[PDB]
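This report concerns only the one structure given below.
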There are 8 protein chains.
Amino acid sequence: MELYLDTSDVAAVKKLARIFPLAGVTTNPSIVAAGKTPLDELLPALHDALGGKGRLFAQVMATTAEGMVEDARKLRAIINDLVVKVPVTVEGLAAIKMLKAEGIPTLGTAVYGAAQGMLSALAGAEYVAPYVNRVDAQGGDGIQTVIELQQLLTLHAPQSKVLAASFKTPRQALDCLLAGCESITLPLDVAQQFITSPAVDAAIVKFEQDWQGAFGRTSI
Amino acid sequence: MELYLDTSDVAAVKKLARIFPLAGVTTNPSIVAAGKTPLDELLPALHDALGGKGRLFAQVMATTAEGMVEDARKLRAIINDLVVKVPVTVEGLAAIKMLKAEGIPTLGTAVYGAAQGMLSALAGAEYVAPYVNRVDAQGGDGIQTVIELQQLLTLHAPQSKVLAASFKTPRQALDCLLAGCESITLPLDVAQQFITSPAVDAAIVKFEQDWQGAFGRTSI
Amino acid sequence: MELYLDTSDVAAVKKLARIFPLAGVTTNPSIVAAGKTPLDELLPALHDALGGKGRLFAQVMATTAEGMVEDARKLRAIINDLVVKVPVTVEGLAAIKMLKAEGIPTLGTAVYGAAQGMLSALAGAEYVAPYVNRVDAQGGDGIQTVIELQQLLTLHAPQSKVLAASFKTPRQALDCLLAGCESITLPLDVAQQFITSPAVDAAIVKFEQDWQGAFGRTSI
Amino acid sequence: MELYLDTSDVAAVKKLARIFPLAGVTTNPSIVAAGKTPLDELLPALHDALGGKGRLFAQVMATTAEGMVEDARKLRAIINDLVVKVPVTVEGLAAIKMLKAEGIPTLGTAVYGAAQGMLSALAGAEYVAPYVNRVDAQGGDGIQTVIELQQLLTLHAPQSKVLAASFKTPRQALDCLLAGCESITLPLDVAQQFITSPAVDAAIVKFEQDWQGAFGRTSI
Amino acid sequence: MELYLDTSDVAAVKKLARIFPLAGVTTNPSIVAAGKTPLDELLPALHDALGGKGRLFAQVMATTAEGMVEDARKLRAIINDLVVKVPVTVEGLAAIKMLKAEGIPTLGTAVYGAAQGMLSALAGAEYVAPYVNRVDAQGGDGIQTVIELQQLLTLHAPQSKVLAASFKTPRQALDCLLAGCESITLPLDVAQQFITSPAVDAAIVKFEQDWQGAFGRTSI
Amino acid sequence: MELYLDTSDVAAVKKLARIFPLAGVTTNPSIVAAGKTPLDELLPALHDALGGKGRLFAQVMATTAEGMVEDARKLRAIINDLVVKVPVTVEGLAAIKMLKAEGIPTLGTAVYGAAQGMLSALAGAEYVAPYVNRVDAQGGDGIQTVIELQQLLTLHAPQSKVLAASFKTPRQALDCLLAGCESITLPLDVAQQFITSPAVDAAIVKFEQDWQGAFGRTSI
Amino acid sequence: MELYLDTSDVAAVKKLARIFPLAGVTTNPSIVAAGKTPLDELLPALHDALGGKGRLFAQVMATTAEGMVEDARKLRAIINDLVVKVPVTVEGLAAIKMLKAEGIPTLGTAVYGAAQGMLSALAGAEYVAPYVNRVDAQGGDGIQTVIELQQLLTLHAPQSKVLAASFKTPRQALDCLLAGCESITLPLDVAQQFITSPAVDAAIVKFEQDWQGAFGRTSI
Amino acid sequence: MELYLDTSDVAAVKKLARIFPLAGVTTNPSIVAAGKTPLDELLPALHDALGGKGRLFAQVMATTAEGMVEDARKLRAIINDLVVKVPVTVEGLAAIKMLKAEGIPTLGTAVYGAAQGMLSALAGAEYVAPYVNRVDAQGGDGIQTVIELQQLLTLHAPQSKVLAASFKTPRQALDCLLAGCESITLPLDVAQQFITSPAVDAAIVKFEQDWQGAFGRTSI
Ligand SMILES: *C(CO)[C@@H](O)[C@H](O)[C@H](O)COP(=O)(O)O
Ligand SMILES: *[C@H](CO)[C@@H](O)[C@H](O)[C@H](O)COP(=O)(O)O
Ligand SMILES: *[C@H](CO)[C@@H](O)[C@H](O)[C@H](O)COP(=O)(O)O
Ligand SMILES: *[C@H](CO)[C@@H](O)[C@H](O)[C@H](O)COP(=O)(O)O
Ligand SMILES: *[C@H](CO)[C@@H](O)[C@H](O)[C@H](O)COP(=O)(O)O
Ligand SMILES: *[C@H](CO)[C@@H](O)[C@H](O)[C@H](O)COP(=O)(O)O
Ligand SMILES: *[C@H](CO)[C@@H](O)[C@H](O)[C@H](O)COP(=O)(O)O
Ligand SMILES: *[C@H](CO)[C@@H](O)[C@H](O)[C@H](O)COP(=O)(O)O
């Protein structure tokens with residue numbers, strides 16, 4: 001499993017990096033914009049927040065294959081262990097092929113369908129990122145798309161991983177993990193919901209009370 | 001996975017070959033007819049359009065086993081990396097056996113049933129091409145035929161591949177890929193539908209607007 | 001896969017042997033009786049019709065184990081490499097054990113149930129032949145029996161094969177192949193229905209018509 | 001349930017009318033041809049064989065809608081309780097509509113697909129006859145076609161009945177009956193196999209022996 | 001639900017009649033033979049053992065339809081309201097038709113298949129008795145037959161009931177009841193296993209012990 | 001739905017009767033024993049605790065059918081709205097029939113099997129009480145037994161209800177309710193677990209904090 | 001597969017050893033009692049009946065772990081290839097552990113639940129014997145218990161085998177074999193029903209008649 | 001399989017260690033409190049009760065990661081084969097990563113959801129303990145949680161084991177074992193229910209009675 005946070009919130013990353021076993025951090029253009037910090041400042045700050053390690057993802061902005069290759073090189077120049085996100089379009093697939101030839105690692109992003117995702121893998125992408133919640137929000141079935149995508153990679157491109165993205169609820173992320181995604185990126189709210197529980201907190205309170213009853217303290 | 005285009009449109013192949021990871025091109029007599037170019041010109045033109053690589057498929061026209069072997073030899077003489085398509089009939093099965101003994105690679109084509117398809121594999125065909133849409137169009141279940149065929153090859157002839165063909169909609173090609181077909185050939189219209197999406201385009205537009213909003217430009 | 005014809009029609013075998021990839025021919029007492037030719041004549045003629053190769057099956061007629069062993073020797077003297085069909089009865093099971101010790105290969109035949117079939121394989125039979133249509137015809141479920149038998153051999157006697165037999169329709173044979181039977185014997189009528197199709201013929205006519213339209217012939 | 005025999009064998013109908021609860025007899029062009037007896041002789045002979053009752057079916061031979069209507073009138077003039085079989089083609093559908101307007105009851109025949117069958121019912125046919133075995137024989141799934149057809153009539157045309165036809169084994173006819181077909185026509189061989197069983201015969205012998213053992217006779 | 005015992009043991013019937021809510025008793029020729037008492041004695045004695053009420057079943061012995069009708073009259077003269085069991089054979093089906101016309105109620109017995117059973121109901125039988133254990137014992141699936149039979153009666157002859165018969169274990173009878181059989185006949189051994197349980201007995205002992213503990217008795 | 005408490009704890013019944021919509025209280029000999037109060041005092045005390053309404057259940061102790069009828073009469077004399085529990089044994093079934101004829105309402109209790117339970121319904125019991133946890137505890141499947149019992153009553157005795165009993169965990173009682181049990185009796189501990197939740201409590205606390213944050217008070 | 005007979009009938013073992021491929025014979029206290037022959041006479045007689053080979057099983061009678069160990073030693077002293085059956089109780093489990101330490105092979109018997117059976121395997125038993133029919137008879141589901149037990153051994157104790165026992169019908173034993181039990185012990189009646197069939201016998205008669213029809217004799 | 005008891009009852013562990021094949025004992029704060037013995041005395045006492053062997057589990061009480069690590073060291077110092085239980089909270093996850101870095105083996109406890117459980121395994125926990133009954137008791141689906149957790153570990157952290165805990169009924173524990181949990185801890189009541197059975201006790205009595213009948217003693 002590779003566990004990523006999906007954020008441009010450097011302070012949150014520093015805090016959460018000591019809690020979760022993080023592989024690194026993913027960004028997209030909206031997440032970067034939200035943080036109002038440019039990439040050449042953000043990506044080193046994220047690297048530092050992870051404890052000077054981890055893999056980062058950032059997305060090209062150009063709309064031609066040739067421009068996307070240029071963007072990929074610019075992103076790779078910012079920080080070492082960076083994977084370039086390329087939208088799986090006509091021009092994006094062309095760029096993924098060129099980047100495969102050059103040996104720049106890619107992720108095929110903005111995947112709304114299983115076959116589209118598979119094509120990105122076949123073209124050389126190491127990761128494929130379905131937009132689970134976006135498919136859900138637009139009247140589709142995000143989890144079914146992920147099940148189909150994972151099946152396609154397992155059958156037809158086993159070198160590539162699904163990096164499941166776009167979540168509003170833990171249930172979606174859990175469902176992607178159950179479908180066998182080998183990587184995932186969580187927004188901060190969903191990541192924290194996984195490990196915060198009234199039931200768990202209540203169990204701990206009850207243990208403390210029982211221990212106190214017997215021993216007149218709540219510590220070992 | 002072997003991804004093929006099902007076409008005689010040389011210019012379109014040249015265009016799409018930089019976008020898709022193509023294994024090559026399949027033809028049939030109707031496809032060749034539509035292009036109005038004899039195989040002895042078409043096949044080298046396709047080879048060039050692919051970037052001087054890839055595997056081509058072309059179909060025999062004779063109605064006897066002996067005549068089909070003669071066709072096969074003529075086809076193999078046009079170009080090196082060529083697989084001969086043989087309709088899976090009485091005479092076609094007989095020809096497939098002869099071509100096995102001769103060492104000419106074959107695809108069993110015009111497959112409308114799973115047992116018919118399996119028989120061509122057992123006779124020596126490296127590929128078996130079910131006509132998915134044709135089964136669908138004539139009141140059958142194309143995908144179920146593909147599932148059954150794939151199961152028969154997996155169980156009984158695992159060195160042979162399904163090369164799924166005959167598509168009107170991406171969903172048909174997806175369902176074939178999900179059934180485990182190790183090769184597929186797409187018409188141009190379906191191929192392009194896989195990689196053109198209003199939802200993906202809208203995602204990209206929204207990324208651009210968010211980026212512009214924060215950084216006052218549309219670029220990295 | 002081992003594909004057999006279920007016939008005493010020598011000329012039919014010679015004809016079909018150049019079409020199908022045959023493993024050989026099975027006979028039973030009714031099939032032999034229908035052809036009016038005794039075994040010491042038929043079996044050599046079948047061997048010849050196959051091109052001087054392949055595996056033949058013939059059935060004992062005696063009703064005691066000792067009698068069946070004597071029959072097996074007589075059959076093996078006619079065809080040295082022939083597999084002896086023994087009905088899976090009380091005496092038939094005893095004969096199978098005796099033939100295993102003697103090193104004469106057997107098939108357990110007239111199997112109407114899975115457990116009966118498995119018992120013949122445990123006793124030493126290399127093949128087990130359920131009578132699929134006869135189970136169907138008598139108000140059972142022949143395919144369900146085959147599924148159960150195959151599961152028993154897979155679990156409990158994996159060295160033995162199901163040789164599915166007794167067919168009125170291609171669908172029954174197909175379902176047996178889907179159930180994982182590693183061998184099958186087809187009557188002539190079913191075998192030919194597999195490779196005869198109005199849909200396939202119409203596909204070929206359309207191809208010829210399209211080709212002639214463009215090029216004024218149907219020749220490569 | 002309406003149980004038919006599918007035959008032109010007048011003597012056999014008379015024999016079986018005593019045994020089965022027959023609704024009548026179906027014919028088609030091939031069945032009529034086999035029996036050697038023209039319809040104007042055959043249809044009265046079948047009526048008498050049934051005990052001067054029951055419903056008969058006979059098929060038009062013309063290839064235009066107008067010609068089929070003329071055939072329909074001729075058939076109805078032969079025999080009172082007669083339903084006209086019309087092949088479900090372009091011209092057949094047109095004829096079914098016309099015959100509906102004229103108040104001549106029809107059956108939509110030569111149905112190889114569910115949608116085709118449903119169309120005949122929507123056009124006015126009181127019965128729809130899938131050719132179960134012919135779908136099975138040509139590498140389809142006849143029973144699946146019947147399940148789909150029945151589902152379509154139940155949902156969309158509940159005044160119309162499936163009259164399941166074309167059988168090589170009792171299992172097919174059973175499966176049709178389980179699918180909910182409210183009418184069926186059996187060939188003589190399949191019909192008789194339903195009611196002839198080694199297991200049944202053996203039970204009755206055992207009853208007779210036990211009864212004799214106790215009471216010294218095999219009678220009440 | 002109609003619950004029957006399958007027995008010629010008069011004293012057992014008298015005993016069990018105060019335990020079970022019995023609808024009556026079934027017999028067959030072997031069951032009658034086992035008790036060594038002729039019908040003209042047994043059947044009145046059974047009627048008496050039930051408290052002078054309930055429905056009795058007895059089977060014809062003749063092998064022609066006319067003979068079976070004569071037997072039916074003889075049986076009905078012994079018990080005026082008795083249901084006549086007729087084996088579902090060729091002649092048995094003819095007899096059922098004749099008995100329907102004559103207004104003598106019938107059960108179609110020795111049913112080893114669903115279609116055979118349905119045919120007896122269509123011919124006029126008010127009950128159909130599949131031999132569940134005999135189907136099981138001979139390498140079939142007795143419960144599957146019952147499920148199929150019940151489905152056929154529900155779909156095609158809802159006025160007739162399955163009277164499930166032939167049991168070695170309570171589980172078989174339970175499965176028949178779960179399948180929706182509206183009547184059943186139990187051998188004495190199975191019937192008593194239903195209402196005899198080590199677990200139930202232990203529950204009662206515990207209750208008695210707990211009660212005595214608190215109140216020094218086991219009395220209300 | 002009829003919701004019962006399974007208890008002799010009068011004070012607890014009084015407490016819970018203002019919280020739950022109770023149909024009444026069930027007892028058994030162990031439950032009565034635990035409370036150390038004879039039925040002639042307990043049953044009127046429960047009636048008062050319920051608010052002077054509801055249906056009570058109490059169990060016979062005798063081991064003969066005659067003795068069980070005597071117990072039943074004694075119980076019915078203690079209080080009006082009372083259903084007599086009878087263990088479903090040989091003598092218990094006999095008693096259930098007698099009590100039907102007398103017009104005393106019964107529940108068939110100590111049910112460890114579906115057929116046993118159905119028999120008590122057929123004999124006249126208005127309720128049938130499977131011991132769910134006891135079946136679970138002794139290596140069976142309590143919920144499956146309840147599903148089967150409910151199916152038997154629905155099919156064969158639809159005027160009788162399942163009264164599900166014997167619970168260690170809410171999940172068991174839920175699964176019984178989901179299987180369609182029209183009545184249930186809960187021990188105090190399970191009853192209360194249904195309506196006590198750390199998650200619900202935390203929701204309420206968070207609502208209070210949000211409300212306070214906005215309005216500077218904790219009240220409407 | 002290991003096939004056992006479950007019997008103390010020495011003559012029957014000798015008769016059937018010729019027919020079945022027997023691994024040996026199982027006994028229990030009741031089977032031994034029925035046969036009238038003490039173990040020190042019985043076990044050698046069974047060994048001889050098997051042809052001086054095979055594996056025998058016999059059950060301890062003591063109620064303490066220490067006593068069961070003493071019984072185990074006594075049984076092993078009788079006969080070389082002997083596996084000691086220990087009931088899976090509190091004291092039985094303790095004995096299985098001790099016997100494991102001592103290197104005496106055991107079978108955990110009187111298993112009525114999957115978890116109980118798994119515990120015996122974990123404690124050292126090489127075989128676990130569920131009482132299939134006894135679970136069926138007492139209102140459980142014996143086959144479901146076997147499926148669960150087998151699942152537990154496959155997952156958690158794969159060196160241990162299910163030895164399925166206690167059968168009233170062939171269907172139960174078939175279902176156990178389909179569930180994946182690697183050993184089974186059959187009573188004589190069930191064993192013989194597997195290999196005696198009206199349908200099989202009828203097929204052989206038909207073969208004989210056809211053969212006679214063609215060749216004027218019923219012999220090879 | 002690793003089988004644990006979930007207890008601080010030293011005498012009970014002594015008694016049951018000779019019965020069950022125990023891998024050791026689990027404790028939690030409430031279980032420790034119930035026994036009123038501090039861990040520095042309890043853990044040696046359990047070690048001895050097991051026979052001077054086995055693996056013990058004990059839980060940290062601190063609420064900060066750094067505090068939990070200090071607890072972990074204290075616990076490890078008490079006894080060698082000691083796995084530290086850490087609640088899977090924000091601070092608990094942090095502590096699990098630190099304890100991984102130090103090489104102190106951990107179990108993630110207080111798991112009420114699958115994703116929470118998986119995160120503890122990714123963080124370095126060798127075991128993950130879902131609180132099955134607590135999920136059941138609070139209106140969730142404990143077994144489904146276990147199924148999902150097991151799936152997540154099999155897919156994503158296969159070096160980690162499920163240690164299923166928190167049980168009120170044998171059925172819960174069985175279902176966890178069927179789900180593939182490689183370790184389990186049972187409370188005393190559930191553990192003993194597995195090997196207490198009225199049906200088993202009755203089988204043994206009948207054996208004893210049969211033996212006595214034949215041989216005039218109840219000894220071997
Ligand atoms: C530790 C996990 O291995 C165990 O002691 C568990 O915490 C208990 O099994 C929890 O059960 P309850 O919460 O029902 O006491
Ligand atoms: C990169 C993919 O690996 C990630 O940052 C994802 O693109 C985002 O999570 C996508 O989220 P939305 O589609 O909801 O903006
Ligand atoms: C060869 C098979 O690999 C292809 O050219 C196929 O024949 C076509 O896909 C068939 O299309 P139609 O049968 O619909 O013309
Ligand atoms: C031998 C089995 O391998 C074959 O010849 C079979 O016996 C026959 O196919 C049996 O089927 P039919 O009895 O329907 O001919
Ligand atoms: C009328 C109902 O369609 C019948 O006579 C049927 O047409 C025949 O059963 C058709 O037989 P085939 O489809 O096997 O030729
Ligand atoms: C009549 C059917 O209602 C019954 O007496 C049945 O014929 C018997 O139960 C048949 O079963 P067996 O042949 O196993 O006794
Ligand atoms: C009567 C049934 O409605 C109740 O009192 C039940 O007998 C109890 O629920 C049974 O509990 P146990 O059998 O577990 O003591
Ligand atoms: C040993 C394996 O357990 C065998 O002898 C079996 O115990 C018997 O099959 C048990 O028979 P019942 O369970 O029907 O008494």
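In the structure tokens, each chain is lettered A, B, ... as it comes, each chain's residues begin at 1, and ligands are numbered from 1 in order of appearance.
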- Could you tell me, counting only C-alpha atoms and all ligand atoms, which protein and nucleic acid residues lie no more than 6 Å from ligand 4, written as a ChimeraX atom specification? /C:6,26-28,109,129,131,163,165-166
Shell of 7 Å around segment 30-39 of chain E, only C-alpha atoms, local chain residues under 5 positions omitted, as a CSV table (one decimal) with N, CA, C and O atoms, in the first residue's frame:
```csv
chain,number,residue,atom,x,y,z
D,207,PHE,N,-42.7,-53.0,-6.7
D,207,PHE,CA,-44.0,-53.0,-6.1
D,207,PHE,C,-44.7,-54.3,-6.4
D,207,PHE,O,-45.3,-54.9,-5.4
D,210,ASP,N,-43.0,-57.2,-4.3
D,210,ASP,CA,-43.4,-57.1,-2.9
D,210,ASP,C,-44.8,-57.6,-2.7
D,210,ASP,O,-45.1,-58.3,-1.7
D,211,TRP,N,-45.7,-57.1,-3.6
D,211,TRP,CA,-47.1,-57.5,-3.5
D,211,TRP,C,-47.3,-59.0,-3.6
D,211,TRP,O,-48.1,-59.6,-2.9
D,214,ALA,N,-46.2,-61.0,-0.5
D,214,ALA,CA,-47.1,-60.9,0.6
D,214,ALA,C,-48.4,-61.7,0.3
D,214,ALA,O,-49.0,-62.3,1.2
E,7,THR,N,-47.3,-45.5,6.0
E,7,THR,CA,-47.3,-46.7,6.9
E,7,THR,C,-48.5,-47.6,6.7
E,7,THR,O,-49.5,-47.2,6.3
E,8,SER,N,-48.3,-48.9,7.1
E,8,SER,CA,-49.4,-49.8,7.3
E,8,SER,C,-49.5,-50.3,8.7
E,8,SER,O,-50.2,-51.3,9.0
E,9,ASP,N,-48.8,-49.6,9.6
E,9,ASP,CA,-48.7,-50.0,11.0
E,9,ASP,C,-49.8,-49.3,11.8
E,9,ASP,O,-49.7,-48.1,12.2
```
Interface residues on chain H facing chain G, 12 Å, only C-alpha atoms, written as a short mmCIF file (atom, residue, chain, number, x, y, z; two decimals) with C-alpha atoms, in the first residue's frame:
```
data_model
loop_
_atom_site.label_atom_id
_atom_site.label_comp_id
_atom_site.auth_asym_id
_atom_site.auth_seq_id
_atom_site.Cartn_x
_atom_site.Cartn_y
_atom_site.Cartn_z
CA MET H 1 -4.19 -20.79 13.99
CA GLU H 2 -3.32 -19.05 17.24
CA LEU H 3 -5.95 -19.73 19.90
CA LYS H 15 -7.45 -25.83 33.91
CA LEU H 16 -8.12 -25.09 30.23
CA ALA H 17 -4.48 -25.20 29.06
CA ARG H 18 -4.54 -29.02 29.31
CA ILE H 19 -7.78 -29.07 27.23
CA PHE H 20 -7.32 -26.51 24.42
CA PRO H 21 -4.19 -26.05 22.28
CA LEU H 22 -3.59 -22.49 23.54
CA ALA H 23 -1.08 -20.09 21.97
CA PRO H 170 -19.85 -19.17 19.66
CA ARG H 171 -21.51 -18.22 16.35
CA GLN H 172 -19.62 -14.89 16.31
CA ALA H 173 -16.28 -16.65 16.85
CA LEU H 174 -17.06 -19.36 14.27
CA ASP H 175 -17.95 -16.69 11.68
CA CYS H 176 -14.61 -14.92 12.34
CA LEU H 177 -12.75 -18.22 11.85
CA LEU H 178 -14.65 -18.84 8.59
CA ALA H 179 -13.70 -15.31 7.46
CA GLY H 180 -10.05 -16.40 7.67
CA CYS H 181 -8.84 -14.81 10.94
CA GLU H 182 -5.46 -16.38 11.74
CA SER H 183 -5.81 -15.69 15.47
CA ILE H 184 -8.66 -15.43 17.95
CA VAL H 190 -17.66 -19.03 24.74
CA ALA H 191 -14.56 -21.26 24.74
CA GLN H 192 -16.34 -23.80 26.96
CA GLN H 193 -19.57 -23.65 24.92
CA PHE H 194 -17.58 -24.86 21.87
CA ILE H 195 -16.91 -28.20 23.64
CA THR H 196 -20.14 -28.59 25.66
CA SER H 197 -23.00 -30.19 23.74
CA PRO H 198 -26.19 -32.09 24.71
CA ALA H 199 -26.05 -33.83 21.31
CA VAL H 200 -22.45 -35.01 21.84
CA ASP H 201 -23.23 -36.13 25.42
CA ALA H 202 -26.25 -38.11 24.16
CA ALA H 203 -24.18 -39.79 21.43
CA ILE H 204 -21.66 -40.97 24.05
CA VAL H 205 -24.42 -42.30 26.35
CA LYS H 206 -25.97 -44.31 23.48
CA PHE H 207 -22.53 -45.76 22.61
CA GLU H 208 -22.04 -46.76 26.27
CA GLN H 209 -25.51 -48.38 26.36
CA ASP H 210 -24.98 -50.29 23.09
CA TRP H 211 -21.56 -51.54 24.26
CA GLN H 212 -22.97 -52.59 27.66
CA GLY H 213 -25.81 -54.43 25.89
CA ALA H 214 -23.42 -56.51 23.75
CA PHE H 215 -20.43 -57.05 26.07
CA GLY H 216 -21.73 -56.64 29.65
CA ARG H 217 -19.41 -53.74 30.58
CA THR H 218 -18.67 -50.13 29.50
CA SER H 219 -14.89 -50.64 29.17
CA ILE H 220 -12.64 -51.57 26.22
#
```
- alpha helix (DSSP H) positions in segment 54-96 of chain G, given as a PyMOL selection string: chain G and resi 65-78+90-96
- Query: So what do you get for atom CA of residue 82 of chain B versus atom CA of residue 53 of chain B, distance-wise?
  - Reply: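 Atom CA of residue 82 of chain B sits 11.0 Å away from atom CA of residue 53 of chain B.
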- For each of B:41, B:186, B:126, B:55, take the minimum atom-to-atom distance to ligand 3, counting only C-alpha atoms and all ligand atoms, then give the residue where this is smallest.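 Counting only C-alpha atoms and all ligand atoms, the residue closest to ligand 3 is B:186.
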- Between E:80, E:133, E:64, E:159, which has the minimum distance to ligand 6 (counting only C-alpha atoms and all ligand atoms)?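 When distances to ligand 6 are compared using only C-alpha atoms and all ligand atoms, the smallest one comes from E:133.
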